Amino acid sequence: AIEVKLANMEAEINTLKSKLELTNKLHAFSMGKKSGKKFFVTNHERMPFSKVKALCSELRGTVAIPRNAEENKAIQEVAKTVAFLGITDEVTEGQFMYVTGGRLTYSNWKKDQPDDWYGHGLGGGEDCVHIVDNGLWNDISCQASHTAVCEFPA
């Protein structure tokens, strides 16, 4: 009966994997994931950039990144407040890179930005980026606290 039990166990585990996969698809759908599109999610909590990265990473996701107007819109609609984006120029001042690697292609900066401003007193300039209400971008200090928005694959 040992082999029969082992064979049933494999079947129990497989059925469980299948149901968990279904749970995951249903949750993404209920959270607004559009067919074939990447989806964004937030808990509406503000925190320094390093905390957003750590949080999304814990969720097996990454800090939200707009690759085009459509996604930029989706992120602002999900965030409903100023939120960090997975874009920074910490590695080399002036050159913005996606946290997941690579130079910035699409951009949607506000007029007169980025400006690596120091007048905020949080020490240093501005090497992180956040999306404001109207969808335009601004470089801000990575120490500032803004809404955490994580992104999950299409």
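For every residue, the number given is its place in the sequence shown, counted from 1.
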TODO: Compare the mean C-alpha B-factor of 127-135 with that of 21-29 as given in the PDB entry, and name the stretch with the higher value.
DONE: 127-135
Task: 115-123 or 57-65, whichever carries the higher mean Cα B-factor - done: 115-123
Open item on the list: Among the modelled residues of this chain, does the Cα B factor of residue 108 put it in the lowest, middle or highest third?
Closed with: middle
TODO: Please rank the C-alpha B-factors of the chain's modelled residues and tell me whether residue 92 sits in the lowest, middle or highest third.
DONE: middle
Task: CA B-factor placement of residue 141, once the chain's modelled residues are sorted into thirds - done: lowest
Open item on the list: Using only modelled residues of the chain, where does the Cα B factor of residue 42 rank: lowest third, middle third or highest third?
Closed with: lowest
TODO: Pull the Cα B-factor of residue 7 out of the PDB entry and bin it into the chain's lowest, middle or highest third.
DONE: lowest
